[PDB]
Undergrad: 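Structure provided below as structure tokens; questions to follow.
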Amino acid sequence: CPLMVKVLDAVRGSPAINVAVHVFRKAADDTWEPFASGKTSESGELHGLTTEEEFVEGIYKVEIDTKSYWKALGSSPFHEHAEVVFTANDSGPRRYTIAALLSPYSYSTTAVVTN
Amino acid sequence: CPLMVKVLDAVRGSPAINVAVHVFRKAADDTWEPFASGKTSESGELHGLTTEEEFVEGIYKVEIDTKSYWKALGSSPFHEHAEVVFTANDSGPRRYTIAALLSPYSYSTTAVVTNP
Amino acid sequence: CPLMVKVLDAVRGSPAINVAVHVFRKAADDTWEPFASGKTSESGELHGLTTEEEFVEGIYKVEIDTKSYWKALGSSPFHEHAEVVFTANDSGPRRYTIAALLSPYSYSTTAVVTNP
Amino acid sequence: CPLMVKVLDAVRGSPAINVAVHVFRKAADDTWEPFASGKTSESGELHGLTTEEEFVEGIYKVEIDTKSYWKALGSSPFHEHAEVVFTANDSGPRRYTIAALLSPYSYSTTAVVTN
Ligand SMILES: O=C(O)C1(c2ccc(-c3ccc(Cl)c(Cl)c3)c(F)c2)CC1
Ligand SMILES: O=C(O)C1(c2ccc(-c3ccc(Cl)c(Cl)c3)c(F)c2)CC1
């Protein structure tokens with residue numbers, strides 16, 4: 001599993017459950033091409049987005065649908081979504097985790113790149 | 001000044017100086033139109049992006065050019081940039097500050113919104 | 001002003017106002033001695049904690065009273081407080097800003113250090 | 001496992017490995033009483049600190065030895081350590097994860113409290 005996403009909620013102190021996540025890859029013409037998608041689990045995690053075969057080097061965008069998340073909780077949020085854009089490079093380690101911590105007016109994100 | 005950006009550097013314990021910032025506004029046709037740009041000062045602050053008159057209601061994208069910042073420091077970072085996308089001024093004019101904290105493999109951003 | 005604190009609120013998208021801050025200094029006997037205290041203003045900023053003369057070399061603890069802040073807003077938070085502990089002025093006088101971002105179950109803090 | 005700690009490194013984009021962590025419980029006289037300790041694993045995680053039996057309600061402090069961590073990497077850090085102080089309450093969910101993201105002049109921490 002080369003690409004995982006984990007999302008936490010800083011207001012409730014819990015995983016962010018049932019958040020839609022869409023991943024895109026940058027195409028040669030500079031447009032965003034759909035690549036993978038899913039909803040986070042009870043543990044705030046999304047696995048099995050892709051295989052090693054399909055996950056080639058390039059620029060990827062992970063879009064997290066935070067607006068729908070907050071509204072479903074009755075909270076008015078600031079952002080239209082949260083977007084994480086990065087380069088996958090074969091020289092570095094091969095397993096990528098994109099982790100995000102959400103609040104209504106703020107978010108933080110880090111990368112954990114292993115083995 | 002209705003739209004400001006302030007950026008700090010978590011590795012140096014200092015303001016993030018000379019960070020390029022580009023702002024876009026979603027157009028009636030649904031693509032990103034260039035709206036304003038600038039770079040942070042020695043205090044890590046960017047003022048004078050726009051005016052009250054020109055900063056009308058819309059969906060704005062503030063793109064903080066984190067990769068160019070780290071690369072100019074000779075460091076290889078993870079992200080291409082940090083984007084903050086939000087609806088602005090839909091309840092009348094407000095003043096917005098986007099505050100950010102940068103590390104090579106992480107960033108945090110928050111918004112400070114003032115005014116009736 | 002050689003020691004300042006600035007605090008933002010991630011839930012309201014605003015400065016964190018009326019946050020109590022207590023600073024302690026480790027004493028020759030190795031316990032925490034009270035050093036200074038204050039509360040943040042409407043801009044989320046706390047100035048005037050100490051003076052250049054009194055802010056000598058040592059190990060300082062800046063305790064940001066996050067629980068009292070959230071409880072005064074009628075919210076039940078997780079942490080008792082946020083502590084930032086650091087050696088100061090060991091290479092001569094510097095100016096320090098401790099910047100923090102608060103949510104009910106999370107906080108972030110960073111330091112900005114200026115001067116030769 | 002009622003109490004877990006997970007530590008990440010924002011400079012390298014990796015787990016924070018082999019970081020000493022000491023947990024204390026507040027005693028009736030307001031002093032900090034040693035409770036549990038360990039070093040984070042290859043995945044930045046520390047498990048098996050305590051049992052449900054010993055983990056009673058009260059105030060706890062999780063001290064992370066970040067200074068030693070950064071110095072072992074050749075980096076001069078700002079903090080003497082990172083401390084996370086919180087109340088364990090039986091009314092809320094029963095599994096606590098304390099997560100921390102480290103940089104030399106900064107750290108962030110959140111709580112993930114589940115089932
Ligand atoms: O398996 C992981 O990576 C976990 C994790 C631990 C810490 C965080 C976290 C902690 C702090 C910040 Cl600022 C950010 Cl962006 C992320 C996170 F999002 C996830 C423990 C769940
Ligand atoms: O002018 C402000 O608002 C200041 C400020 C204070 C705190 C931060 C800060 C502190 C922590 C985080 Cl996680 C974030 Cl995203 C921002 C910040 F970026 C800037 C004091 C400089």
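Just follow the structure's listing: the first ligand is 1, and inside any ligand the first atom is 1. Order of the sequence lines fixes the chain letters, A, B, ..., with proteins taken first and strands second; residue numbering starts at 1 for each chain.
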Undergrad: Which word best sums up how the rings of C:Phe55 and C:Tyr96 line up, parallel for under 30°, tilted for 30 to 60°, or perpendicular for over 60°?
TA: perpendicular
Undergrad: Could you identify the single nearest non-hydrogen protein atom to atom 1 (O) of ligand 2 and state the distance to 0.1 Å?
TA: B:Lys6 CD, 3.4 Å
Undergrad: Can a donor-acceptor pair be found, under 3.5 Å and without considering hydrogens, that links the side chain of C:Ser68 to the backbone of C:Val19?
TA: no
Undergrad: Above 12 or not: heavy atoms from other molecules or residues under 6.0 Å from CZ of C:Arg94?
TA: yes
Undergrad: Testing the 3.5 Å rule here: is there a donor-acceptor pair between the side chains of D:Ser103 and B:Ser103?
TA: yes
Undergrad: Going by the closest heavy atom to atom 15 (Cl) of ligand 2, which one wins out of B:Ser108, B:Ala10, A:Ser106, C:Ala10?
TA: B:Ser108
Undergrad: Just need the protein heavy atom nearest to atom 11 (C) of ligand 2, so name the residue and atom and give the distance.
TA: C:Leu101 CB, 3.8 Å
Undergrad: When you measure from atom 6 (C) of ligand 2 to each heavy atom in B:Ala82, C:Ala99, C:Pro15, B:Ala111, which option holds the nearest one?
TA: C:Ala99
Undergrad: Check ligand 2 against B:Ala100 and write out every atom of the ligand that is under 4.0 Å from a heavy-atom position of the residue.
TA: 18 (F)
Undergrad: Which residue holds the protein heavy atom closest to atom 17 (C) of ligand 2, what is that atom called, and what is the gap in Å?
TA: B:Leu8 CD1, 3.7 Å
Undergrad: Below 4.0 angstrom from a heavy atom of B:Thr109, which ligand 2 atoms are there? Numbered from 1 as shown, please.
TA: 15 (Cl)
Undergrad: Under 3.5 Å, side chain of A:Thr40 to main-chain N/O of A:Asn18, donor-acceptor pair present?
TA: yes
Undergrad: For C:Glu52, does the CD atom sit with more than 12 other heavy atoms under 6.0 Å from it, leaving out its own atoms?
TA: yes
